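1. Provided hereafter are the protein sequence and its experimental coordinates.
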Amino acid sequence: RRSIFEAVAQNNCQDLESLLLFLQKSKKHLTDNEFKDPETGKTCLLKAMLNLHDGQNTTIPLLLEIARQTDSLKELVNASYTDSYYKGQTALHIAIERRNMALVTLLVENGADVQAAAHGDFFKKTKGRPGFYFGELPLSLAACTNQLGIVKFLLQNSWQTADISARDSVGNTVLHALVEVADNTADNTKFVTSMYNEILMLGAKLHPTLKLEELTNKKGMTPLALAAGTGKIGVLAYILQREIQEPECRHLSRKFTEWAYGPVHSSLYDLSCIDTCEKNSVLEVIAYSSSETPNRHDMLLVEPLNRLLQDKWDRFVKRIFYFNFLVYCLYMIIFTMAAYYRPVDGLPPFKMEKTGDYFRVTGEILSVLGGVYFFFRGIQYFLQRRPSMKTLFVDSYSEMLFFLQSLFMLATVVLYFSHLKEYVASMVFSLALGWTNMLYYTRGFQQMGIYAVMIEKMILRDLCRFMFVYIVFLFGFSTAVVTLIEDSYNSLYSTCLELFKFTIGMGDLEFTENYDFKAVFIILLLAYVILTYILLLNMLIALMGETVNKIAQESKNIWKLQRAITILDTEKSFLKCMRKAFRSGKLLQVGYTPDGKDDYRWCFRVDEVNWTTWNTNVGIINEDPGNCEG
Amino acid sequence: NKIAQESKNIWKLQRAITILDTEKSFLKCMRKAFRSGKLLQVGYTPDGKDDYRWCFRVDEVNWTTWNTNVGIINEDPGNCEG
Ligand SMILES: CCCCCCCCCCCCCCCCCC(=O)OC[C@H](COP(=O)(O)O[C@@H]1[C@H](O)[C@H](O)[C@@H](O)[C@H](O)[C@H]1O)OC(=O)CCCCCCCCCCCCCCCCC
Ligand SMILES: CCCCCCCC/C=C/CCCCCCCC(=O)O[C@@H](COC(=O)CCCCCCCCCCCCCCC)COP(=O)([O-])OCC[N+](C)(C)C
Ligand SMILES: CCCCCCCC/C=C\CCCCCCCC(=O)O[C@@H](COC(=O)CCCCCCCCCCCCCCC)COP(=O)([O-])OCC[N+](C)(C)C
Ligand SMILES: CCCCCCCC/C=C\CCCCCCCC(=O)O[C@@H](COC(=O)CCCCCCCCCCCCCCC)COP(=O)([O-])OCC[N+](C)(C)C
Ligand SMILES: CCCCCCCC/C=C\CCCCCCCC(=O)O[C@@H](COC(=O)CCCCCCCCCCCCCCC)COP(=O)([O-])OCC[N+](C)(C)C
Ligand SMILES: CCCCCCCC/C=C\CCCCCCCC(=O)O[C@@H](COC(=O)CCCCCCCCCCCCCCC)COP(=O)([O-])OCC[N+](C)(C)C
Ligand SMILES: CCCCCCCC/C=C\CCCCCCCC(=O)O[C@@H](COC(=O)CCCCCCCCCCCCCCC)COP(=O)([O-])OCC[N+](C)(C)C
Ligand SMILES: CCCCCCCC/C=C\CCCCCCCC(=O)O[C@@H](COC(=O)CCCCCCCCCCCCCCC)COP(=O)([O-])OCC[N+](C)(C)C
Ligand SMILES: CCCCCCCC/C=C\CCCCCCCC(=O)O[C@@H](COC(=O)CCCCCCCCCCCCCCC)COP(=O)([O-])OCC[N+](C)(C)C
Ligand code: NA
Ligand code: NA
C-alpha cells in the first residue's frame, strides 16, 4: 500500500505505531507480502534504508520491533528485490554502502543473510546502464567501499558469519572482486593494495589452512592472474612485492629477505605463478595478453619480472635465440641464393642437369621445408594463442609476416608445379618479407630492438596517416594532369608514377610537352610539389620527431615485451629438447608454514643495497643465522 | 610540439561544426536534431511543480570522495534508474 511506504519515507514515527496496532490484529502473512511494491520486492525495510538520512530513519528499528512480536522476521530482513535488475540486493547491501556501521550490526543480529548473491544487471559488466560490480557478496561491498572496520566486523559478528571464500555466480572471490574493481589510479591503488593485507591477515587469522590467493573463478583466473590480465599494474606490484612483516601472516609474504649485512640485502621474491603454474602465469597472462589490456607494456617493469626475464635471457634464451637467428639468416641465404640462380630458360618444373642444379634444388627443398615450418608455426600460434578478429591484424604483426612469408613461399610451390612463371611473383615477395623479417630478431638487442619498435610505430602512426593523405593528393593531381594531357604520358600510371618521383627527388617538371595549357600544368605540379615534397614529407619528419619524443620509454617497454614473448615461446618449444623452462629460481626455505612445516618456495634472488635504511629493522630476515648463503 | 593539443581542440571544433550543420540539414528528413538527452525530473520548482529538464547523463566514479555527501541525489528513492 502506498500510504504505508509514505509514512516510511517521511520517518513518521506515530503512523507506523498506528499501523503497528493495525496489522497485529490481522495475520500479516500474505498481507505485507502483497503490500510490497509490485515486480520489485520493495518491502518496508528495504525502502526505509534508501530514504534514510544522516545515519537514521527511526523506522528501521521500529519495523524490526514489529517483526519480532509478529513472527516471520526472517522473511523480512532477507527480502531481496524480484526484478532481474536489482536482484538479490538485501537490506544488508544498502546498510554497508550508506556508511551506517551501527545499522548493519542490527541486521546480522536479526537473522539477515550475509551470503546474499546480488547478480541483477546493475552488478554485472555492461557499459549500457553502467553498473558498479563489487563482487556479489556484502563482504566484498565493504571491501570495495573503504569500509575496513566493517569487513573486520563481518568476520567477528555473532552466530552467523560471512564466508571469506566469496564464490559467486561468476566465481570471483573477494580478492577477485578487488582486482575487478581497481582502476590503476593512485587513490584506488593505494586503497586496494592495502585491503588485501587485512583480508589476508584475517584469512590467516580467522580461517588458516586456506591461502586465499590460489582460489579461482568460473573462468579460472587467480586474483594474481586477474590483475595480470585485466591490466592492474599497481595491484600486481603489491601482490608480487608483498612483504608482510609479522608472525602468523608471514608465509603470505611474497618478497622475503634472505640476508642483510649492512645496506646490502638479498631480496628473495617468489616465482609461484609468475612462471610454470598449471594455468595463467603472470608472464603468460601479460605476454599472451590480447591488445587493449591497459598498462600491458608497463607490467614487466614490475620487479621481479624485469630481472627474471633478463635472467632467463642471459641464461637460457639468448643462446637459442641467436641460434634461431642464424638458422633464419642461412635460411634466407639458402633461399636467396636458390632464387638468384633460378632457371630463366623455360617453364617449370626444372631439371637437375648440371652439378650446381643439384645444390640448387637442395636449397629449394630446404627453402620449402622452412615455408611449411613458419606456416605450421603460424598456425599453432592461432591454436595455442587463440586471437580475436581485432588481434589478428593488431598486436601480432610478426606471426602474420612470417606466416605471410610462407603463403607466398607455398604458392611458389603451387605455381612451380602448376606450370607457370608466376612462382617468381611469390618467390620474390617471400624474399622481401624474409629479409624484412630479419627485423624481428632485433628484439634480442636493446638498441636495435627499440629501433625496430620505433619502426613499427612510424609505419602505423606516421606513414599510415601520411601515405593515405599522400595518395589523395597524388591521385588527385595525377588525374588532374592526365586529364590535361592529350595524345606517352596520357595514362594514370605513367602520371602517378611520374608524380611519385617528386617524392624521391626525381621529378621532371617538363615530363610532358603533350599538354594544352602550360600554366594549368605548372600551377598543378607546383601545387603538388609544395603540398607533398616541401610540406608533407617534411611535415612527416616533424611528426616522426614528435613521435620519437613520445615513444622513447614506451618503445623500450614494448621491446621488453617483445623479448618476453620470445622468452616464453622458447620455453614452450624446448619443453623436451634440453629440459623444461629451467624454472629460473632456486627452491629455498623462506620460513615456516602456519601449520608448522617448511615452505620451500621457488624464489628469485635480488641483491639490493640502500644507503638510507641505516637501522635495518630485522623483521623477516631468514638466514640471519647465516650471513650470505654460505 | 606547440600544436599537439591545440590541434585536437581545433579538431573537436571541426567535428562540432559538422555535428550542427548535420542537425540543420536533417531537420525534416528523419527528425529534428534528436534532442540528445532524456527529459527527466531533477527535483521540484520553487513554485512547487516538477522541473523536467532535458538532461545528459555522465556516469562518473571517484575513489576519494568516500563520504558521499548526499546533497542533491534525486532518485535516491531508486538506485540506478530501474
Ligand atoms: C596478398 C597479401 C596482401 C598483404 C596483406 C596481408 C596481411 C599483411 C600482414 C599483416 C601485418 C601488416 C603489417 C604492416 C606493416 C607494419 C609491420 C610492423 O609494425 O611490424 C612490427 C612487428 C612487431 O613484432 P610483433 O608483432 O611480434 O610485436 C608486437 C607489437 O610490438 C605490439 O605492438 C606489441 O603489443 C608487442 O610488442 C607485440 O604484440 O615486427 C615484426 O614482425 C618484425 C619486423 C617485420 C618488418 C617490419 C617492417 C614492415 C615491412 C612491411 C612490408 C613487407 C616487406 C616488403 C614486401 C613487398 C611486397 C610483398
Ligand atoms: C597501399 C595500397 C596501394 C595504394 C596505391 C595508391 C596509388 C594510387 C591509387 C590507386 C588505386 C586506384 C587507382 C585507379 C583504379 C584503376 C583505374 C585507372 O587507373 O584508370 C581508369 C580510368 O579512370 C580513372 O583513372 C579515374 C577513375 C578512378 C576510380 C577508382 C577509384 C580509386 C580510389 C583510390 C584513389 C585514391 C584516392 C584516395 C585513397 C584513400 C581505367 O583504367 P586505366 O587502365 O588507367 O584506363 C585506360 C582506359 N583507356 C585505355 C580506355 C583510356
Ligand atoms: C654465401 C656466403 C654467406 C655465408 C653463408 C654460406 C651459405 C652456404 C654457401 C654455399 C652453398 C652452396 C654451395 C654449392 C654450389 C656451388 C657450385 C655452384 O653451383 O656454383 C654456381 C652457383 O650456385 C648454384 O648455381 C647453386 C645454387 C645455390 C645453392 C643454394 C644452397 C643450397 C643448399 C645447401 C647449402 C648448405 C645447407 C645445408 C648444410 C647441411 C656458380 O654459378 P654458375 O654456374 O656460373 O651459374 C649458376 C648455375 N646455372 C647457370 C646452371 C643455373
Ligand atoms: C634441413 C636439414 C638441416 C641442415 C640445415 C643447415 C643450416 C642452414 C639453415 C637453414 C636450413 C634449415 C631448414 C630451414 C628451417 C626454417 C628456418 C627455421 O626453422 O627458423 C627457426 C629457427 O628455429 C629452429 O628451431 C630451427 C630448427 C633447427 C634447424 C637445424 C639446422 C641448423 C643447422 C645449422 C646450425 C649452425 C650452428 C653454428 C653455430 C655457430 C626460426 O625460429 P623460431 O623459434 O621459429 O622463431 C621465428 C618464428 N616466429 C617469428 C613466428 C616466432
Ligand atoms: C590465411 C589462412 C590460410 C591459407 C590457406 C592455407 C595454405 C596457404 C598457402 C599456400 C596455398 C596457396 C595460396 C595462394 C594461391 C596459390 C596461387 C594460385 O592459386 O594461383 C592461381 C593463379 O595465380 C595467378 O594468376 C597469380 C599468381 C601470383 C600471385 C602472387 C601473390 C601470391 C599470394 C600468396 C597468398 C597470400 C594471401 C594473403 C592472405 C591474407 C593458379 O590457379 P589457376 O586456376 O591455375 O589460375 C591460373 C591463372 N593464370 C593462367 C592466368 C596464371
Ligand atoms: C649473435 C648473432 C649471430 C648471427 C650471425 C650472422 C651474422 C651477424 C648478424 C648480425 C649481427 C649481430 C651481432 C650480435 C653481437 C653484437 C654484440 C651484442 O650483443 O649486441 C650489440 C650490438 O648489436 C648487434 O650487433 C645486433 C644486430 C642484429 C639485429 C638483427 C636484425 C637484422 C639482421 C640481419 C642479419 C643478416 C644475416 C645474413 C648474414 C649471415 C648491442 O648490445 P645489446 O645486445 O643491445 O646489449 C644488451 C642487450 N640485452 C639487454 C638484450 C642483453
Ligand atoms: C585505395 C584506398 C587506399 C589508399 C591507400 C591506403 C594507405 C594505407 C594507410 C592508411 C589508411 C587510412 C587509415 C589511417 C589510420 C591512421 C593511423 C592509425 O589509426 O594508426 C593506428 C592503427 O593501429 C592499429 O592497431 C591498426 C593497424 C592498421 C593500420 C590502421 C589503418 C588501417 C585500418 C583503417 C581502415 C583503412 C582504410 C583503407 C582504405 C579503404 C595506430 O597508430 P595511432 O592510433 O595513430 O597511435 C597513436 C595512439 N593514439 C590513437 C591513442 C593517440
Ligand atoms: C591555395 C588555395 C587554393 C587555390 C586554388 C585555385 C588556384 C588556381 C589559380 C589560378 C587560376 C587560373 C590559372 C590558369 C589560367 C587558365 C589557362 C589560361 O588561360 O592560360 C593563359 C596563360 O596565362 C598565363 O600563362 C598566366 C597565368 C596566370 C596565373 C599564375 C598564378 C596563379 C597561381 C596562384 C597561386 C596562389 C594560391 C593562393 C596562395 C597565395 C592562356 O592560355 P595558355 O594556353 O596557358 O597560354 C599560353 C601559356 N604559356 C605562355 C605559359 C605557354
Ligand atoms: C597551399 C597550396 C599550394 C600552392 C598552390 C599554388 C601554387 C602555384 C604555382 C605557381 C604559380 C606561378 C607560376 C605560373 C605558371 C607559369 C605559367 C606561365 O605564364 O608560364 C610562362 C611564364 O612567363 C613568365 O614571364 C614567368 C615569370 C615568373 C617565373 C615563373 C614561375 C617559376 C616557377 C617556379 C616557382 C616556384 C615557387 C612556387 C610558388 C608558387 C611561360 O611562357 P613560355 O611560353 O614558356 O615563354 C617562354 C619565355 N618567357 C617565360 C619569357 C615568356
Ligand atoms: Na633528392
Ligand atoms: Na634528387
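-> In hand now; what should we look at? Numbering: from 1, shown residues only, chains lettered A, B, ... in the order given. Ligands and ions are numbered 1, 2, ... in the order given.

2. Does the residue in the stretch 1-150 of chain A that chain B sits nearest to fall in a helix, a strand, or a coil region?
-> Across the stretch 1-150 of chain A, the shortest distance to chain B (CB to the nearest CB) belongs to residue A:130, at 4.3 Å. (C-beta placed from N, C-alpha, C; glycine too.) Following DSSP: H, G, I helix; E, B strand; the rest coil, we place residue A:130 in the coil state.

3. if I read this right, it contacts residue B:60, doesn't it?
-> No - here residue A:130 does not reach residue B:60: they are 9.7 Å apart, not a contact under CB atoms under 8 Å.

4. With neighbour numbers in mind, choose between the two.
-> Legend: neighbour count by other CB atoms under 10 Å in any protein chain shown for residue A:130 and residue B:60, higher for residue A:130 (13 against 6).

5. strands paired with the strand ranked longest in chain A, and their directions?
-> Ranked by number of residues, the top strand in chain A under DSSP state E is strand A:601-609. According to DSSP bridges, strand A:601-609 forms sheet pairs with strand A:264-270 (antiparallel), strand A:586-588 (antiparallel).

6. any chance of those strands in TSV, with distance to ligand 1 too?
-> As requested, the strands paired with strand A:601-609 are arranged in TSV below (distance: least, CB to the nearest ligand atom, whole Å):
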stretch	distance to ligand 1
strand A:264-270	25
strand A:586-588	30
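
7. Out of the ones you listed, flag the one nearest ligand 6.
-> Nearest to ligand 6 among the strands paired with strand A:601-609 is strand A:264-270; the distance by CB to the nearest ligand atom comes to 20.1 Å.

8. now stretch A:118-138: how far from the chain's centre is it?
-> 21 Å (CA atoms, centre = their mean, to the nearest Å).

9. could you list every residue that touches the residue of the stretch 401-550 of chain A found nearest ligand 4?
-> Nearest residue of the stretch 401-550 of chain A to ligand 4: residue A:402, at 4.1 Å (CB to the nearest ligand atom). By CB atoms under 8 Å, 6 or more residues apart in numbering or on different chains, the contact set of residue A:402 is A:374, A:377-378, A:437, A:440.

10. 7 Å instead, please
-> Residues near residue A:402 by CB atoms under 7 Å, 6 or more residues apart in numbering or on different chains: A:374, A:378, A:437.

11. Which ones among those lie within helices?
-> Using DSSP state H, the subset of the contacts of residue A:402 located in helices is A:374, A:378.

12. Next, the contact list for the residue nearest to residue A:116 when sequence neighbours are not counted, please.
-> The shortest distance from residue A:116 to any non-neighbouring residue, by CB to CB, 6 or more residues apart in numbering or on different chains, is to residue A:90 (4.4 Å). Shown in contact with residue A:90 (CB under 7 Å, 6+ apart): A:78, A:80, A:112-113, A:116.

13. Ok, residue A:298 next?
-> With CB under 7 Å, 6+ apart, residue A:298 has these contacts: A:233, A:557.

14. Can you list phi and psi of it for me?
-> When read as degrees, to the nearest 10, the backbone of residue A:298 gives phi -80, psi -10.

15. near ligand 6, which residues of the stretch 401-550 of chain A?
-> Residues of the stretch 401-550 of chain A lying close to ligand 6 by CB under 6 Å from any ligand atom are A:438-439, A:441-442, A:444-448.

16. and the two most separated of the residues you listed?
-> Farthest-apart pair in those is A:438 and A:446; separation 17.0 Å (CB to CB).

17. Quick one: classify residue A:321 as helix, strand or coil.
-> Secondary structure assignment for residue A:321 (three-state DSSP): helix.

18. Quick check, it in contact with residue A:565.
-> No - applying CB atoms under 7 Å, one finds residue A:321 not in contact with residue A:565, separated by 11.7 Å.

19. picking that back up, surely the residue of the stretch 401-550 of chain A closest to ligand 4 forms part of a helix?
-> Yes - Residue A:402 forms part of a helix when assessed by three-state DSSP.

20. Can you tell me the closest non-neighbouring residue to it?
-> Closest to residue A:402 by CB to CB, 6+ apart is residue A:374, at 4.5 Å.

21. same check, this time on residue A:488
-> residue A:494 (7.2 Å).

22. does that neighbour sit in a helix, a strand or a coil?
-> Classified using three-state DSSP, residue A:494 is helix.

23. Residue A:592 pairs with what?
-> With DSSP bridges as the rule, residue A:592 is bridged to residue A:598.

24. Tell me how far it lies from ligand 5.
-> 55 Å (CB to the nearest ligand atom, to the nearest Å).

25. what does residue A:36 give?
-> 59 Å.

26. Report the contact partners of the closest residue to that residue other than its chain neighbours.
-> Nearest residue to residue A:36, sequence neighbours excluded (CB to CB, 6+ apart): residue A:43, at 4.6 Å. Contacts were defined as CB under 7 Å, 6+ apart; by that measure residue A:43 touches A:36, A:76, A:79.

27. pretty sure residue A:466 is touching residue A:538, no?
-> No - taking CB under 7 Å as the definition, residue A:466 is not a contact partner of residue A:538, at 11.2 Å.

28. how about the strand or helix carrying residue A:558, does it get close to ligand 1?
-> Assigned by DSSP states H and E, residue A:558 belongs to helix A:556-573. Yes - counting by CB under 6 Å from any ligand atom, ligand 1 has neighbours in helix A:556-573: A:558, A:561-562.

29. show me what contacts the residue of the stretch 51-200 of chain A at minimum distance from ligand 1?
-> Distances between the stretch 51-200 of chain A and ligand 1 by CB to the nearest ligand atom are smallest at residue A:184, namely 17.8 Å. Residues in contact with residue A:184 (CB under 7 Å, 6+ apart) are A:231-234, A:294-295.

30. Of those residues, which pair is most distant in space?
-> Spanning the widest gap among those are A:234 and A:294, at 11.3 Å by CB to CB.

31. Next to ligand 7, which bits of the stretch 251-400 of chain A? Give me the list.
-> Contact residues (CB under 6 Å from any ligand atom) of the stretch 251-400 of chain A with ligand 7: residue A:394.
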